[PDB]
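J.:
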Amino acid sequence: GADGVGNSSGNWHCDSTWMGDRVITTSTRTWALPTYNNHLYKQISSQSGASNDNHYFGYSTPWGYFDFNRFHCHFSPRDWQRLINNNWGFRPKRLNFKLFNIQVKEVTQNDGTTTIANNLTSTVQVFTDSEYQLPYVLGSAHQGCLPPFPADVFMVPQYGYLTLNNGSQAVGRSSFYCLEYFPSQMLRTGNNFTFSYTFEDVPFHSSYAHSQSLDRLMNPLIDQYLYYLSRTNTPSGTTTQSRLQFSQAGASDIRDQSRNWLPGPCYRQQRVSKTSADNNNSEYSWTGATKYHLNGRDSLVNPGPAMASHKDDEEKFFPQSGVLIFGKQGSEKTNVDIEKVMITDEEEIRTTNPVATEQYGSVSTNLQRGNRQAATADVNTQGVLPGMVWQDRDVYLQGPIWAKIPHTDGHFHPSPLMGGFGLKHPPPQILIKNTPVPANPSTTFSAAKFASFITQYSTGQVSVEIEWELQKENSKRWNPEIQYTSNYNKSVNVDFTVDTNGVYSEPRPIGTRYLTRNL
Amino acid sequence: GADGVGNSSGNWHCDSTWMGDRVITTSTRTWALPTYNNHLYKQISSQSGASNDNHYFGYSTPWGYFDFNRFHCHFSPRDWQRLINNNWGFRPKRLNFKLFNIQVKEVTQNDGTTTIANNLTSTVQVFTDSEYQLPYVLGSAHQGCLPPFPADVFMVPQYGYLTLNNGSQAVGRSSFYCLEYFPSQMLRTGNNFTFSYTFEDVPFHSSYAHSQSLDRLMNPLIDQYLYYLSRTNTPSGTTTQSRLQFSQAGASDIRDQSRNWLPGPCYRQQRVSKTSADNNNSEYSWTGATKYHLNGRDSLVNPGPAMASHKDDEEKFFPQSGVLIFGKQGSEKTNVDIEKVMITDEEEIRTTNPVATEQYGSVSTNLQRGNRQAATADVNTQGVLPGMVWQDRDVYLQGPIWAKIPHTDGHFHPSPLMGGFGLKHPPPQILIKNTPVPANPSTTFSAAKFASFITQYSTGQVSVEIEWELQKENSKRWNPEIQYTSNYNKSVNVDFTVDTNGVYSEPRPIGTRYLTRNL
Amino acid sequence: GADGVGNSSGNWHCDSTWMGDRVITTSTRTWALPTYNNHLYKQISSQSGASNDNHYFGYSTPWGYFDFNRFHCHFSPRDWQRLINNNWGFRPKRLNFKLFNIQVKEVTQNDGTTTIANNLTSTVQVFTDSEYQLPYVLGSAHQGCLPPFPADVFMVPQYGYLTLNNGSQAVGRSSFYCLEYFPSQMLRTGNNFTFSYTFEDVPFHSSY
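Residue numbers (the entry's author numbering), protein chains in the order written: chain A, 217 to 735; chain A', 217 to 735; chain A'', 217 to 424. A prime marks a further copy of an entry chain.
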């Protein structure tokens, strides 16, 4: 699209409509973009000394990108609630994007006095990496997505990436991608950039919780017909004499019943409690946390494989890195106290996946014989096994929406671990930069790189609309399901509202599983 | 096909052409075939005493088979190089085979003097087991495939197979397949045997190395928004008092960052070093090597599941059985010294799969509490887990090309472990035998089995052409990729050449990953 | 072309005719071919010490080649004379080649006594490097072309070539061409191999 200077390049679309089966969440926000790295690509690396587990090598670019991989960039409390309360599941189908009403300003810091003014002509160029030839950054839970609250103006993030490294230094194989080596489209004012995408058949996120659970799944009333090993030894006057007898598992017997499927896999996490007291006093934050390691650098295992966060009656506990944790609007960056964060809870799964903090089961160790007692041992890490079945990490309104499946020789069940939809070809990276403006050059020629540009930034609005599909409920469940509600009682502030000084804020994390489906 | 005696049953096709997307490697070689087991099927078994882990039972047949399950039976250094240097990947599509110019000779060892002459009439019969009713031997890394070097004449291997066994003895279930119970086609001279095959949709072998790696994958510039557990206890005058605080992972924080996928699986191997010194002195060749075991016989775990062979800066090490090892042209059969072999290296993977010699990660053991320190333990064997992603063993010019997927109730990701393409219905076994020639029978009848045949063997050439598909490169990588080159400096002998006495020889193993794709 | 065992795969053409403007010199000769390097490619180099101006590195092949880059393989004194006496100049235009009546024998040196006999089946394979992917040896004034005199039987030369070298040793850039990496056509007896060529506009040799 194209037009004039006194012509709005696009209108403001920010609705949300439900169609019974679909529902489209349109949404627009105003943004701003500075000139990063003063227009140059800069090489960047870990700090020489820095622990090995923390080295790196890569580049930062003068390019800034766009991102809305956060559910709340599309759903509004209320809306989300609608969804989350009457749908067995849902998934994204297609999207449409558009930047417009772009405007380029140029600040002038003459002595003690700045003065911003329109640089009409100068441009901002955009380009979408629709061929995925660029290090996909999104999906890395970074923060600089869209504001949950419309009215909020925002700054565009700067693109940076990482290649290979042998400590703080580069290794040859590492590649250096240059963003100008693409065909950016250049916008001036009166210019807009639209583009549209279509998702790929993915599974509806399961937005329901299970009423039955693996173990308790058969019918009480009837005993099976298969037998199991009831007792081993037997009374012989005073002493026992080994004599194995078997029984037919019934209701009273349950624990012993024969089955057909196994809980999901696991990778044991340390348990910490919301109650300061209980927790051993010391620094096992890193030392005790569950991790894995590549090329000799141990990394953390955050968002551990999807597994319930606490047994019955222990909402007080949680994994050291088995859950998602968001900050309460305002919460500072580092070492903030428990009271400043919102920890997610995944009890809803208990029913199928193991509890993060407790071992999977316990396999037998030795082979018993008359002169040898029967061994056994608990298992803290069980990789996928036939017959296992499980549930993936719920979603949360202010959580990630999707993530790119890495291009590898092999993947195994790609639901992104941080939760979300695992996409092979996700929404392409959208980039934006401000074509430089060489400030006054010298009369006599010089072949040096230009270094003195006009100080200036850009701004303008952006809009994103997405169509989601739904799987409606359908249970013959007689008694009421659970629903997500807002507290009745009076409060000094409404949830998901602007305070007295107009600061919007999300009180709690809102999950997705409320409706109840049987297993 | 058919014709006369003074008529070449086929010409010599040994080209190789590239078409941009495909590339066909035609190739012909001269061969020779003796008469095995003096024409009879012989029962064969382990040596009574022999360690249990080494028993067996099966048969050897008078039949010899054909095989080219080695990349170099089709690619010529140069060619291979072309491929390997400009292609994100490739795979086989179809093939065509033909035997021809068959000729049957008959030696005469009259006293101190042999004398070979043409037995025109007598025949050689061939037959392809296109229904896979015969124990698929190929794929077992046996040696008797085609000569890498054209000019080389070769001997055809003899077919043998193995069934069940209870120690050195047979067990009933074990089957005994007889090769005459097939409809062999009989060739006399002037007769040729052609046949063609078509591969099945398989995945292009990934012939590229990764520039990013699982851990270092997100964007440096921006800190995430999810929080993790920074510290546990806290300064209380003199003493620490447990007080968990959380942080928001950033660049400096990296190791702690939240992610979305896990390294490939693992099965720990012992580390040995190319440097004699380091290595503990003793015999842990078997005792210390990683293995598995069926029906009480521990077998070795060679070509362990695909996993990088050494961390940064340790090209000197390697798994005890985690790598492929070829002999330097000439190297004898047993206990040959390190200097006689070429060990393959799979560093290229590091980026996704674990290091063979070092544990996967480390899970937590106990549950900590005030009166209990936080436990933890390293894991040396991790079975596939959701979110895991990885790369398969590279290929190597003189490596296997494919392998038959065993007919079972269940397989899991069939890329053959020794590397190659996992095929459900691979190129059918091709067999060949020389119809016997009863040497002079007695005038008076006898119903005994004939035992005195004419001494004779066969020869003639064979040709195999195969069409491979390619996936061309396509990265916006600015700086040069790595390529495979031959050393500039002078040398007494060219690599992949015949020495002074015309002995062709492959200097080093050549992999496949050189081109660099991002993860 | 193809046929049987008791069938001459080609006749003997050895004429020479003048047409006023053209003149065609046909010519046939009998030849023989041993098995070189006992069937293998052998690496070959100057003699370590040997003056520098005389070092080299290259290979010898089990392959033998054909050659008639000598005017007398086509002209007969007399003929040549005709030409040479009444022509301001001349040049070649096209050619046609054919091998035939191929026969494979096999000697038997049993003790103090050899005995040659027909190995009917066995073959001889031929192939023309029509894409010039092989080190062009001919033109190097080598000797093993055709006999000037028809009646003369001859032996076929063996193919060998030279690459780069840093003294008596090889240098990487040097290439090693393998003759089997071509699609040889295989002849058995009763088999013939013909092929034809066409020269390119060249200047008449000034014969005045």
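Cβ coordinates follow ideal geometry from the N, Cα and C atoms, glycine included.
Can you tell me the Cα-Cα spacing of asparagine 268(A') and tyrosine 441(A), whole angstroms?
T.: Near 41 Å, if we compare the C-alpha coordinates of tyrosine 441(A) and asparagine 268(A').
J.: Return the chain-ordered list of same chain residues with a C-beta closer than 7 Å to the C-beta of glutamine 473(A), the five sequence neighbours on each side being excluded.
T.: These residues qualify, in order along the chain: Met434, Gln440, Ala465.
J.: Output yes if chain A' places a C-beta closer than 8 Å to the C-beta of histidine 629(A); else output no.
T.: At least one chain A' Cβ lies under 8 Å of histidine 629(A).
J.: Does the beta carbon of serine 390(A'') sit closer than 8 Å to a beta carbon anywhere in chain A'?
T.: Answer yes: the Cβ-Cβ gap between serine 390(A'') and chain A' drops below 8 Å somewhere.
J.: Along chain A', which residues have their Cβ under 8 Å away from the Cβ of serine 338(A'')?
T.: Near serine 338(A'') (Cβ distances below 8 Å), the residues of chain A' are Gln319.
J.: Using 10 angstroms around the beta-carbon of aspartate 283(A'), count the other beta-carbons present and answer buried if the total reaches 16, otherwise exposed.
T.: With 16 or more other Cβ atoms within 10 Å, it is buried.
J.: Can you tell me whether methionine 235(A') is buried or exposed, with buried defined as 16 or more other CB within 10 angstroms of its CB?
T.: With fewer than 16 other Cβ atoms within 10 Å, it is exposed.
J.: Pull up the distance between the alpha-carbon of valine 369(A) and that of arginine 294(A), whole angstroms please.
T.: So the two alpha carbons sit approximately 21 Å from each other.
J.: Once you ignore the five residues that flank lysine 258(A) on each side, which residues in its own chain have a CB closer than 7 Å to its CB?
T.: Around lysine 258(A): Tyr275, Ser276.
J.: Return yes when the Cβ of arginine 432(A') is within less than 8 Å of the Cβ of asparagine 496(A), no when it is not.
T.: Not closer than 8 Å, so no.
J.: Taking all protein chains shown into account, do 16 or more other C-beta atoms lie within 10 angstroms of the C-beta of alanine 493(A'), making it buried, or fewer, making it exposed?
T.: That one is exposed.
J.: With a cut-off of 8 Å, does the C-beta of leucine 735(A) fall near any C-beta of chain A'?
T.: Chain A' contact via Cβ: absent.
J.: So, is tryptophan 477(A) buried or exposed, given that buried needs 16 or more other C-beta atoms within 10 angstroms?
T.: Counting Cβ neighbours within 10 Å, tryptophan 477(A) comes out exposed, since fewer than 16 surround it.
J.: Ordered along the chain, which non-local residues of its own chain (more than five positions away) have a Cβ less than 6 Å from that of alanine 590(A')?
T.: Cβ neighbours of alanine 590(A') beyond the five flanking positions: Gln584.
J.: Does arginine 724(A') pass the burial test, meaning 16 or more other C-beta atoms within 10 Å, or should it be called exposed?
T.: Counting Cβ neighbours within 10 Å, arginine 724(A') comes out exposed, since fewer than 16 surround it.
J.: Can you round the beta-carbon distance between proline 481(A) and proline 521(A) to whole angstroms, since I take them to be within the 8 Å contact cut?
T.: Rounded, the Cβ-Cβ distance is 6 Å, consistent with contact.
J.: Which residues bound the alpha helix (DSSP H) around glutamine 457(A)?
T.: Where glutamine 457(A) is concerned, there is no enclosing alpha helix (DSSP H), although the beta strand (DSSP E) it sits in stretches over 455–464.
J.: Should the segment 297–316 of chain A' be called in touch with the segment 692–702 of chain A', which here means at least 3 C-beta pairs below 8 Å?
T.: Segments in contact, yes.
J.: Report the rounded CA-to-CA distance for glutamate 347(A'') versus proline 399(A''), giving the unit in angstroms.
T.: Their Cα atoms are separated by approximately 12 Å.
J.: Starting from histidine 229(A'), find everything on chain A'' with Cβ-Cβ shorter than 8 Å and list it in chain order.
T.: The answer, in chain order, is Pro399.
J.: Should the segment 303–316 of chain A'' be called in touch with the segment 398–418 of chain A'', which here means at least 3 C-beta pairs below 8 Å?
T.: These segments touch.
J.: In chain order, what residues of the same chain have a beta carbon less than 6 Å from the beta carbon of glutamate 697(A), not counting five sequence neighbours either side?
T.: Hits under 6 Å: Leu731, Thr732.
J.: How many angstroms separate the CA atom of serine 525(A') from the CA atom of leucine 395(A'')?
T.: Using only the alpha carbons, I get a separation of about 39 Å.
J.: Could you give the distance in angstroms between the alpha-carbon of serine 547(A) and the alpha-carbon of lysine 556(A)?
T.: Approximately 6 Å between the Cα atoms of the pair.
J.: Examine chain A'' for any beta-carbon lying closer than 8 Å to the beta-carbon of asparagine 312(A'), and answer yes or no.
T.: With 8 Å as the cut-off, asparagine 312(A') does not count as an interface residue toward chain A''.
J.: Is it buried or exposed for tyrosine 483(A'), if we count other Cβ within 10 angstroms and need 16 for buried?
T.: It counts as buried.
J.: Closer than 9 Å by beta-carbon distance: list the chain A'' residues that pair up with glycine 220(A'), in chain order.
T.: Ordered by position in chain A'', the residues that pass the 9 Å Cβ test against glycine 220(A') are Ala218, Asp219, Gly220, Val221, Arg404, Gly406.
J.: Chain A'' partners of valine 708(A'), CB-CB under 8 Å?
T.: Going along chain A'' in sequence order, the residues near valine 708(A') (Cβ under 8 Å) are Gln385, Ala386.
J.: Going by the CB atoms, is the gap between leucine 378(A) and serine 674(A) shorter than 8 Å?
T.: Not in contact: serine 674(A) and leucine 378(A) (Cβ atoms no closer than 8 Å).
J.: Starting from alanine 386(A''), follow its DSSP beta bridges and name the residues at the other end.
T.: DSSP lists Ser707(A') as partners of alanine 386(A'').
J.: Anything in chain A'' within Cβ reach of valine 714(A'), meaning under 8 Å, just list it in chain order.
T.: Neighbours of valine 714(A') on chain A'', chain order: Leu256, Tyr257, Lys258, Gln259, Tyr275, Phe392.
J.: Taking contact to mean at least 3 C-beta pairs separated by less than 8 Å, is the segment 574–583 of chain A' in contact with the segment 595–613 of chain A?
T.: With a cut-off of 8 Å, the segment 595–613 of chain A and the segment 574–583 of chain A' count as touching, because enough Cβ pairs lie within range.
J.: Do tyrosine 397(A'') and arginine 310(A'') have their beta-carbon atoms positioned less than 8 Å apart in this structure?
T.: No.
J.: By how many angstroms is the C-alpha of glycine 376(A') removed from the C-alpha of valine 353(A')?
T.: Distance between the alpha carbons of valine 353(A') and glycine 376(A'): 8 Å.
J.: Given this structure, state the Cα-to-Cα distance separating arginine 693(A') from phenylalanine 392(A), to the nearest angstrom.
T.: Going from the Cα of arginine 693(A') to the Cα of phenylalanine 392(A) covers about 6 Å.
J.: Would you decide whether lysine 507(A) is buried or exposed? Buried here means 16 or more other CB atoms lie within 10 Å of its CB.
T.: Classification of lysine 507(A): buried, given that the 10 Å Cβ count is 16 or more.
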